[PDB]
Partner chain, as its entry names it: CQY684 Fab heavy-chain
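Form solved without its partner chain, single chain, as structure tokens, below.
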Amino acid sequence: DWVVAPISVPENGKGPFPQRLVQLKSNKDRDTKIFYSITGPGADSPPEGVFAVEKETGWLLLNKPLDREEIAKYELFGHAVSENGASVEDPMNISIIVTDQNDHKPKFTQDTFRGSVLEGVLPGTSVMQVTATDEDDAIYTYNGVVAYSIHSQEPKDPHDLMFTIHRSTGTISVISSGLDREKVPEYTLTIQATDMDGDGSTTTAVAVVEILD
């Protein structure tokens, strides 16, 4: 028959391996005996032997769990060969698409972000913008989508939270009145980024805000 629909595999699949993906078959196996094999990156080029084929049965096998962030798509070729050594098919393209899981934590682009704002700005004024990246996919899944939060502030004067953060952009803004350099010239905000848009894992950094006159 000798076509294969593109194959979709979720990354970091649980064992046991190997695991069967599809059974290769050439209809000319009624004539004589056939040996199946595969080539391409993932098969006979680096990384070597992620995939294999059982030569007699024809089972395309995956031998180890995939990681989408190393490699997202594999293009292999299928080969059928008689016992006498004749290629009985044109080599068949086999496509394997690797689909995303949340195997990565978000990671702030810096351990500390600094900012400064004039003491007399109106509530609602932007101070600075923090950023956390995430290797997982952010286009078709939430695994790469960061939500931002302020865990805590020090000191807590005048009151508990002088600031807020935009949950998607990481822009930090003044939400209350009464910033005053003489009184409190600097704040330390413990910031957090949580992937799967708020429902996943969390990473922590700090933002240090300078109050200017």
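Numbering follows the first chain given and starts at 1.
With 41 to 49 and 54 to 62 compared on mean CA B-factor from the PDB entry, the stretch scoring higher is 41 to 49. Two stretches are in play, 85 to 93 and 112 to 120, and the higher mean C-alpha B-factor belongs to 85 to 93. Remark: of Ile34, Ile172, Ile150, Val145, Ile34 shows the highest value [criterion: C-alpha B-factor in the PDB entry]. Annotation for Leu179: CA B-factor lies in the highest third of the chain's modelled residues. Ranked within its chain, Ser168 lands in the lowest third, by CA B factor from the PDB record. Looking at the C-alpha B-factors along this chain, the one for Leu212 belongs to the highest third. Looking at the C-alpha B-factors along this chain, the one for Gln19 belongs to the highest third. When the CA B factors of the chain's modelled residues are split into thirds, the value for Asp157 lands in the highest one.
As for the form deposited with its partner chain bound, it is not shown, yet the points below apply to it.
Within 4.5 Å of any heavy atom of its partner chain in the deposited complex lies no heavy atom of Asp157. By the criterion of a heavy atom within 4.5 Å, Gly49 is counted among the residues contacting its partner chain in the deposited complex.
Proximity of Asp44 to its partner chain in the deposited complex falls within the 4.5 Å heavy atom cutoff.
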